[PDB]
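Shown below, as structure tokens, is a lone chain in the form deposited in one PDB entry; questions about how it binds or moves come after it.
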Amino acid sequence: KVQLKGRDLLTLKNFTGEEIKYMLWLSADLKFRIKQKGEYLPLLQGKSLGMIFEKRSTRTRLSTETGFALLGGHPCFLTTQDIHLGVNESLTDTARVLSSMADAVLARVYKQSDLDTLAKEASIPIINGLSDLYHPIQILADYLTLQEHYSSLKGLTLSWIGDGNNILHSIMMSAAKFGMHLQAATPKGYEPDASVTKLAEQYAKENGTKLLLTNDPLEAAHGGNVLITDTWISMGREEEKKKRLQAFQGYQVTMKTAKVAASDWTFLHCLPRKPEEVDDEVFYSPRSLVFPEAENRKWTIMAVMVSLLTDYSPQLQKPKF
């Protein structure tokens, strides 16, 4: 049914519900075999990964590097300071050299269009490691964490409070494909991309789910099963700190926020977390799935790499979504 080998993964907008579910199935399979059964599975033996990072990273860096190596492959960490890209060489040429020396590329960038150039010019899989526009592999870890917590996903309401950024765009490109509703609050002027919203509206209609965009945190939180936030000042946006601290007043997730949420509410934050978006009482709550979520960045990028580079079939029974 699903065929993912050789594909790029630039955004979850290019993937069906069935395809994203397959990647979560594979994540759960690799997690069960390796973390629980202690198996060594050299699925990426004799393969290598080029990791280009234009921005700081703790989770994406660590999960990708230890995950690729745990399956027997070699991860090569490449920064702007060490390679010729931008400085002495074009992206087209860098993309062709990477194609002949590595089996895939994970690139954390500013411009999504750089990932498109890389995908068009390389004949190997290009995986988005975060861009200004989308962060698809984060949402993989998020939905796996919620499937593990709730034992299914269909009908959950996700409540975003915060900026209309890359994380919210990736939730918008995927939530409805799992039959989940989305209620999202951002400050006025900080809404998600109009083009992304338009396509999320279509997905909601196709899947019979609700999509609500608002500027009120408590309207977004009302009846939500999952409260989700992120930093108000994303990487590359630090010049706007003053204006954003003023615009985002009233948007911190607290227990007041949770008081309005469904009784089984949990909390997610992609991390790194600052004190502004969420207080400590929620962040370190027993309902906070923040550190399980961060661990699942590893099992899900492992599943991405296995499905884009091999013909491995999951032995695990498919999870209930």
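Only residues modelled in both forms are compared. Residues carry their position along the shown sequence, with the first being 1. The term rigid core refers to the most C-alpha atoms you can superpose between the two forms while keeping them within 1.5 Å.
Here the subject shifts to the form deposited in another entry, a form of this protein not shown in this document.
Participant: After superposing on the rigid core, which residue among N207, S234, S99, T157 shows a C-alpha displacement of 2 Å or more between the shown form and the other one?
Facilitator: It is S234.
Participant: Can you confirm the direction of the Cα distance change for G236 and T254 in the other form, closer or farther than in this form, given it is 3 Å or more?
Facilitator: Result: closer.
Participant: Quick one: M235 and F248 C-alpha atoms, closer or farther in the other form compared with this form (3 angstroms or more)?
Facilitator: Nearer in the other form, by 3 Å or more.
Participant: With a 2 Å cutoff on C-alpha displacement after fitting the rigid core, which stretches of 3 or more consecutive residues move between the shown form and the other one?
Facilitator: In sequence order there is one run that relocates between the shown form and the other one, which is 233-242.
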